[PDB]
Structures are given as C-alpha cells and as structure tokens.
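Below is one structure, written out as structure tokens; comments come after it.
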Amino acid sequence: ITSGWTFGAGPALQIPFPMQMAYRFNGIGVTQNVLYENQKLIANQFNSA
Amino acid sequence: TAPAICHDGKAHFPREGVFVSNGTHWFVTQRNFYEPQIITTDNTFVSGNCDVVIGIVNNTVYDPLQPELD
Ligand SMILES: *[C@@H]1O[C@H](CO)[C@@H](O[C@@H]2O[C@H](CO)[C@@H](O)[C@H](O)[C@H]2NC(C)=O)[C@H](O)[C@H]1NC(C)=O
Ligand SMILES: *[C@@H]1O[C@H](CO)[C@@H](O[C@@H]2O[C@H](CO)[C@@H](O)[C@H](O)[C@H]2NC(C)=O)[C@H](O)[C@H]1NC(C)=O
Ligand SMILES: *[C@@H]1O[C@H](CO)[C@@H](O[C@@H]2O[C@H](CO)[C@@H](O)[C@H](O)[C@H]2NC(C)=O)[C@H](O)[C@H]1NC(C)=O
Ligand SMILES: *[C@@H]1O[C@H](CO)[C@@H](O[C@@H]2O[C@H](CO)[C@@H](O)[C@H](O)[C@H]2NC(C)=O)[C@H](O)[C@H]1NC(C)=O
C-alpha cells in the first residue's frame, strides 16, 4: 500500500497510492487519465466490493 | 510529485515517467533511473481539463515551435 512493488526488488520506495493505481491501469492497456478523472468512482466501487 | 501539469487551461499527462520537483523547478523523469528532462509538448499528451484531476499543479510546458519561429 505504501511502496507498491518496489520493496520486493530492493529498498521500499514511497509513492502516493492514487499514482500506484494509475501505473497499474497502464500495465493492463488502459490510459492513466481514465483513472484520474474517475478516482471517486473507483474508490467507491472498491470499498463496496 | 504531481499527477499532471496545467498549461493553457489544459491538463498534460506524461507519456512515460513521473513529474518531480527539485525544490524550485519541475521535470519529467523515467521511473527506474533519475534522469530529468524539460517538460515539452513532445514529452506529454493532453487529455481533459484541469477540473477533474486531484493534485494537479501549475507549471510551464514549452513548445519548440515558437522559439524556432522567433
Ligand atoms: C459506469 O457504471 C457505474 C455503475 O457500475 C455508474 O455509476 C452508478 O451510476 C448510477 C446512476 O447515476 C448511480 O445511481 C450509482 O450510485 C453509481 N454507482 C456507483 C458505484 O457510484 C457510472 O455512472 C457509469 N459511468 C458512466 C459514464 O455511465
Ligand atoms: C533545481 O534545478 C535547477 C536546474 O539545475 C536549479 O536552477 C538554476 O537554473 C538555472 C537555469 O534556469 C541554472 O543556470 C542554474 O545553474 C541552476 N542552479 C543550480 C544550483 O543548479 C535549481 O537551483 C535547483 N533547485 C534546488 C532547490 O536545488
Ligand atoms: C496532504 O495532506 C496534508 C495534510 O496532512 C494536506 O495539508 C493540508 O492542506 C489543507 C488544504 O488542502 C490545509 O487547509 C491544511 O492546513 C493542511 N494541513 C497541514 C497540516 O498543513 C495537503 O493538502 C494534502 N495534499 C493533497 C495533494 O491533498
Ligand atoms: C493555476 O493557474 C490557474 C490559471 O492562472 C489558476 O486559475 C485562477 O485561479 C484564481 C483563483 O486562485 C482565479 O481567480 C482565476 O480566475 C483563475 N484563472 C483562470 C484563467 O481560470 C489556478 O488558481 C492556479 N492554481 C494554483 C494552485 O495557484
């Protein structure tokens, strides 16, 4: 949650979480603007799920 | 850091990399090695307006065209 996937390859590197989720969308073929303009929706959907 | 940069009322997002600030100026870097470059219109792409991104910051994005045309 605080370091993403960096602590498993060396030192833990902090990065804000909203920016971690944007990287993770990029890794599946979705552009990052789709998350940042819908951040509230994805957080609501995750919390209910 | 900041997710996007505002210029001319438009939101700019990095193609690859993250925005960083050294204390006084902002740069674009690649994510795996610190190597800053100036934020230009060839480094970024535009999507949406600066009203939906939380944490967007003001900066200058330089266009190479105008200083070539003096
Ligand atoms: C994408 O789908 C979601 C539902 O999966 C839509 O969000 C819902 O919208 C309805 C109608 O406004 C609301 O009553 C619900 O409360 C919303 N759900 C959540 C979890 O927020 C969303 O509007 C859709 N997006 C678009 C652009 O149509
Ligand atoms: C952040 O980096 C910049 C660029 O290196 C520093 O700003 C100065 O920028 C001018 C050009 O606009 C250069 O001619 C100077 O040599 C730069 N100074 C230095 C010390 O590099 C700026 O000082 C840096 N900020 C901090 C807080 O270190
Ligand atoms: C990050 O969190 C800090 C608090 O830990 C936020 O700082 C506050 O900002 C508000 C305005 O948004 C001020 O009214 C408060 O006085 C600030 N608090 C402190 C302790 O200085 C900061 O805004 C947050 N950053 C983002 C991008 O949301
Ligand atoms: C970033 O720059 C924009 C553009 O100058 C700022 O938008 C202005 O915001 C002020 C209030 O702070 C309004 O009075 C102006 O009408 C706005 N200008 C326009 C053209 O809409 C924005 O506030 C700046 N952001 C920060 C954090 O300073």
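Labels used: A, B, ... for chains in the order of the structure tokens, numbers from 1 for residues in each chain, and numbers from 1 for ligands as shown.
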
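For chain B, a DSSP pass over the backbone yields helix (DSSP H, G or I) at residues 65, 66, 67 and 68 of chain B.
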
Write the selection just made, keeping C-alpha atoms, as an mmCIF file, in the first residue's frame?
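Okay, part.cif is ready:
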data_model
loop_
_atom_site.group_PDB
_atom_site.id
_atom_site.type_symbol
_atom_site.label_atom_id
_atom_site.label_comp_id
_atom_site.auth_asym_id
_atom_site.auth_seq_id
_atom_site.Cartn_x
_atom_site.Cartn_y
_atom_site.Cartn_z
ATOM 1 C CA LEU B 65 7.787 25.639 -32.420
ATOM 2 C CA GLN B 66 7.624 29.255 -31.287
ATOM 3 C CA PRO B 67 11.344 29.781 -30.470
ATOM 4 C CA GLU B 68 12.179 28.310 -33.845
#

Write as a ChimeraX atom specification the residues around ligand 4, taking 12 Å as the cut-off and counting only C-alpha atoms and all ligand atoms. /B:2,5-11,49-51,54-60

How would you report the residues lying within 6 Å of ligand 1, as a VMD selection string, if you count only C-alpha atoms and all ligand atoms? chain A and resid 41 44 to 45

Generate the output file for the selected residues, N, CA and C atoms, as a PDB file, in the first residue's frame.
ATOM      1  N   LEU A  41     -15.125   7.261  -8.332  1.00  0.00           N
ATOM      2  CA  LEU A  41     -15.931   6.099  -8.662  1.00  0.00           C
ATOM      3  C   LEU A  41     -15.197   4.810  -8.336  1.00  0.00           C
ATOM      4  N   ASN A  44     -15.154   4.275  -4.574  1.00  0.00           N
ATOM      5  CA  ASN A  44     -16.447   3.795  -4.103  1.00  0.00           C
ATOM      6  C   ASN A  44     -16.688   2.340  -4.466  1.00  0.00           C
ATOM      7  N   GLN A  45     -16.350   1.947  -5.691  1.00  0.00           N
ATOM      8  CA  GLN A  45     -16.556   0.568  -6.109  1.00  0.00           C
ATOM      9  C   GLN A  45     -15.664  -0.393  -5.351  1.00  0.00           C
TER      10      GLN A  45
END

Taking only C-alpha atoms and all ligand atoms into account, list the residues no farther than 7 Å from ligand 2, as an mmCIF file with C-alpha atoms, in the first residue's frame.
data_model
loop_
_atom_site.group_PDB
_atom_site.id
_atom_site.type_symbol
_atom_site.label_atom_id
_atom_site.label_comp_id
_atom_site.auth_asym_id
_atom_site.auth_seq_id
_atom_site.Cartn_x
_atom_site.Cartn_y
_atom_site.Cartn_z
ATOM 1 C CA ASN B 22 13.773 19.532 -7.058
ATOM 2 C CA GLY B 23 12.501 22.316 -4.801
ATOM 3 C CA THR B 24 12.141 25.114 -7.340
ATOM 4 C CA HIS B 25 11.604 23.583 -10.805
#

Once you count only C-alpha atoms, which residues of chain B turn out to be within 7 Å of chain A? Could you give them as a VMD selection string? chain B and resid 47 52 to 53

Which of range 7-63 of chain B DSSP labels strand (DSSP E), written as a ChimeraX atom specification: /B:7,10-14,18-21,26-29,44-49,57-58

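If only C-alpha atoms and all ligand atoms are the atoms counted, then among A:46, A:25, A:17, A:7 the closest residue to ligand 3 is A:17.
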
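Remark: for residue 45 in chain B, the closest of the candidate residues B:13, B:33, B:19, B:62 is B:13 (distances computed over only C-alpha atoms).
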
If we count only C-alpha atoms, what is near residue 63 in chain B at a cut-off of 9 Å, once residues fewer than 6 positions away on the same chain are taken out, given as a tab-separated table (two decimals) with N, CA, C and O atoms, in the first residue's frame?
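Printed below is around_20.tsv as written:
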chain	number	residue	atom	x	y	z
B	40	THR	N	7.95	19.25	-22.26
B	40	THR	CA	7.64	19.84	-23.55
B	40	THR	C	6.37	19.21	-24.08
B	40	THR	O	5.78	18.34	-23.45
B	41	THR	N	5.95	19.66	-25.26
B	41	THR	CA	4.77	19.12	-25.92
B	41	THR	C	5.06	17.82	-26.66
B	41	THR	O	4.13	17.20	-27.18
B	42	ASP	N	6.32	17.39	-26.71
B	42	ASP	CA	6.68	16.15	-27.37
B	42	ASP	C	6.86	15.04	-26.36
B	42	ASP	O	6.90	13.86	-26.71

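The spacing separating atom 4 (C, counted along the ligand's line) of ligand 3 from CA of residue 27 in chain B amounts to 24.0 Å.
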